[PDB]
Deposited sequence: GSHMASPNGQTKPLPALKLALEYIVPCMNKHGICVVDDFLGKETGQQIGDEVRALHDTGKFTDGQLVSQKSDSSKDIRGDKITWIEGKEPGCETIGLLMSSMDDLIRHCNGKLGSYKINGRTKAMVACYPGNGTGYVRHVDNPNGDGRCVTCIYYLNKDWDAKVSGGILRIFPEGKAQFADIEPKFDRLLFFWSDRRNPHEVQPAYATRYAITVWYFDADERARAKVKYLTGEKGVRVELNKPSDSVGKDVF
């Protein structure tokens, strides 16, 4: 689909109704696999962190580490398709502008590329923006070809505010996910038993981020 049709006819109404929106086959197999290739290249060349310290043993050789991070601006050599992805996310958001909540999105973060190494680690339940830091939408792109969560785990489980039920999102290849970043969407990553990659950017609301800057401060000489 074109960004505009998908945004107007699916993403906006879905986000406003549920605060979670799943878009399958966002870029298609060729581009998706190119992104996968770049992400794996970054991994294989050591551009990721060693991963979140999960268990700190008395000894450190047996330390267990979870999700590995790298921040990608999108102009880096070898990250050209990632930059293409980020631009396509941005086009999708731009063609929603004004219609997602009352938010006026005026910026985003760089891309946080995560790699769960497949050793059983996941990510604890949390809220992305609990303190009013300006992030209003979480956007995640999944690159894991033929992911079977029944075997490999790694479901993102969201606990939408004031609902008994979970929303389980499998980290399926070429899948794009949006959710409100605030307390309406606590979530966790269930233990991943295979290598799981995802690419996250957060979009800022202009007003929230403007007054976050006020409360959190940016110093000029007298």
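- No C-alpha positions are given for the deposited-sequence stretches 1 to 13, 231 to 235, 241 to 252.
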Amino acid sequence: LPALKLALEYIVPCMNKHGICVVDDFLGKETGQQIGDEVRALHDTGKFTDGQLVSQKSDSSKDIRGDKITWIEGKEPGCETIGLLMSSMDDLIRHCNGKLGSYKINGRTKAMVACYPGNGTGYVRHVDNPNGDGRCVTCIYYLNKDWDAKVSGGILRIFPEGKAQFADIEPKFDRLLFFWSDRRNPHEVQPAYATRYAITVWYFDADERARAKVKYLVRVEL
From here on, numbers count along this sequence of modelled residues.
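- Taking the PDB entry as given, 74 to 82 carries the higher mean Cα B factor of the two stretches 74 to 82 and 110 to 118.
- Here the stretch with the larger average CA B-factor, out of 12 to 20 and 195 to 203, is 12 to 20.
- The PDB entry gives the largest Cα B-factor of the residues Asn185, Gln190, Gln165, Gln52 to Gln165.
- Placement of the Cα temperature factor of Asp91 within the chain: highest third of the modelled residues, per the deposited record.
- In this PDB entry, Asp67 carries a Cα temperature factor that places it within the lowest third of its chain's modelled residues.
- The entry lists a Cα temperature factor for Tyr103 that places it in the middle third of the chain's modelled residues.
- Among the modelled residues of its chain, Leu42 has a C-alpha B-factor that falls in the middle third, as given in the PDB entry.
- Among the modelled residues of its chain, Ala212 has a C-alpha B-factor that falls in the middle third, as given in the PDB entry.
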